[PDB]
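**Student:** To start, I am sharing the structure in question, which I have written as structure tokens.
There are 2 protein chains.
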Amino acid sequence: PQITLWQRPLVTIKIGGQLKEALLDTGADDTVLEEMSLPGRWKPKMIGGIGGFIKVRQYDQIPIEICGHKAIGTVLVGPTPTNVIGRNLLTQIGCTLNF
Amino acid sequence: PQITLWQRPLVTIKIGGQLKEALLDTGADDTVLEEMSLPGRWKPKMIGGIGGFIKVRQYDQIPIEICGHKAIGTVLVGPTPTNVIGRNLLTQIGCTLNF
Ligand SMILES: COC(=O)N[C@H](C(=O)NN(CCC[C@@]1(O)Cc2ccc(cc2)C/C=C\CNC(=O)[C@H](C(C)C)NC1=O)Cc1ccc(-c2cccnc2)cc1)C(C)(C)C
Ligand SMILES: [Cl-]
Ligand SMILES: [Cl-]
Ligand SMILES: [Cl-]
Numbered sequence: 001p002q003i004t005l006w007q008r009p010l011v012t013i014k015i016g017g018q019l020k021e022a023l024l025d026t027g028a029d030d031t032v033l034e035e036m037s038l039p040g041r042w043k044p045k046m047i048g049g050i051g052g053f054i055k056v057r058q059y060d061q062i063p064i065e066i067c068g069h070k071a072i073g074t075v076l077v078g079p080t081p082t083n084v085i086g087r088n089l090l091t092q093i094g095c096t097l098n099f
Numbered sequence: 101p102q103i104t105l106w107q108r109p110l111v112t113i114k115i116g117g118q119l120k121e122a123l124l125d126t127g128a129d130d131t132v133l134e135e136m137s138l139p140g141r142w143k144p145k146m147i148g149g150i151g152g153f154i155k156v157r158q159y160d161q162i163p164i165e166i167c168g169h170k171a172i173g174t175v176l177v178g179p180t181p182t183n184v185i186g187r188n189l190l191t192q193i194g195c196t197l198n199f
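Below, the structure written as structure tokens:
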């Protein structure tokens with residue numbers, strides 16, 4: 001698709017058997033989701049943005065579907081104010097910026 | 101151009117006759133730059149990121165070139181971790197997301 005930026009670019013994702021809404025975020029290195037369960041090993045991480053840092057759990061090799069596009073990658077889970085899809089997964093679905 | 105997302109989408113901007121580096125950030129409603137001088141009066145704004153809220157100075161109707169593309173719009177100035185170009189200006193330069 002071509003996604004306009006007049007509005008926030010929100011999409012449906014499927015992850016861990018759940019459907020969630022998330023923001024396609026070219027400014028984000030990492031994908032970060034609100035608290036949820038994921039299977040397998042994790043390790044703690046601090047990530048920073050406007051306003052400072054939060055602590056998250058880092059899960060690797062997590063399958064995700066974004067707009068019907070399957071990918072696998074690292075998902076961070078913690079007290080983010082909003083669900084963001086970062087570059088680590090945007091690359092995998094072939095997402096580009098164009099102007 | 102078409103910008104892939106394997107690296108941070110950093111571009112050169114020009115504002116107040118000076119070149120700076122900034123991040124093209126579809127997850128950002130607004131454009132926020134690190135401390136700098138701009139002309140005219142400013143208004144208060146509080147913006148929220150992953151780590152919480154910061155106070156910024158809002159300047160309106162500021163000329164800014166982004167990758168050589170001319171825009172004129174609202175620029176926020178404050179203690180951001182990096183210069184970010186948000187949707188308010190990404191729409192002026194005709195940016196979309198595509199996959
Ligand atoms: C609607 O408000 C906003 O548009 N906020 C924006 C914003 O923070 N949006 N975020 C999107 C993520 C912004 C950013 O790309 C901005 C950003 C910050 C630092 C850096 C790059 C880009 C570089 C430093 C380290 C790397 N950090 C990151 O890559 C992080 C991580 C999320 C991966 N990236 C970012 O945090 C998502 C976000 C959206 C809403 C909100 C909080 C939010 C809304 C209402 N109330 C509280 C918080 C976060 C502003 C930049 C204008 C503050
Ligand atoms: Cl990854
Ligand atoms: Cl590619
Ligand atoms: Cl504007």
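For the record, the sequence lines run as chains A and B. Residues 1 to 99 (the entry's author numbering) are what the first sequence spells out, left to right. Residues 101 to 199 (the entry's author numbering) are what the second sequence spells out, left to right. Just so it is clear, CB atoms sit at the ideal spot from N, CA and C, and this is done for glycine as well.
When you compare the CB positions of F53(A) and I193(B), do they come within less than 7 Å of one another, or not?
**Tutor:** No; because the gap between Cβ atoms is not below 7 Å, this pair is not in contact.
**Student:** Closest to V184(B) by C-alpha separation, out of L124(B), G151(B), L119(B), would be which residue?
**Tutor:** Looking at the Cα atoms, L124(B) is the closest of the given residues.
**Student:** I'd like to know whether the C-beta of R157(B) is nearer than 7 Å to at least one C-beta of chain A.
**Tutor:** So, not an interface residue.
**Student:** Can you pull the chain B neighbours of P1(A), defined as C-beta to C-beta under 9 Å?
**Tutor:** Those are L197, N198, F199, listed as they occur along chain B.
**Student:** Are the stretch 43-57 of chain A and the stretch 2-13 of chain A touching by the rule of at least three beta carbon pairs closer than 8 Å?
**Tutor:** Result no; under three Cβ-Cβ pairs closer than 8 Å.
**Student:** Taking the straight line between their C-alpha atoms, what separation do you get for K120(B) and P39(A)?
**Tutor:** In a straight line, the C-alpha of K120(B) is about 43 Å away from that of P39(A).
**Student:** Out of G49(A), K43(A), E34(A), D29(A), state which residue places its alpha-carbon closest to the alpha-carbon of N88(A).
**Tutor:** When only C-alpha atoms are compared, the closest one is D29(A).
**Student:** Determine, using beta carbons only, whether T26(A) comes closer than 7 Å to chain B.
**Tutor:** Judged by the 7 Å Cβ criterion, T26(A) is in contact with chain B.
**Student:** At a Cβ cut of 7 Å, what residues of the stretch 177-190 of chain B count as close to chain A, listed as they run along the chain?
**Tutor:** Against chain A - using a Cβ distance shorter than 7 Å - the residues of the stretch 177-190 of chain B are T180, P181, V184, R187, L190.
**Student:** Over what stretch of residues does the alpha helix (DSSP H) that includes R187(B) continue unbroken?
**Tutor:** Its alpha helix (DSSP H) spans residues 187-190.
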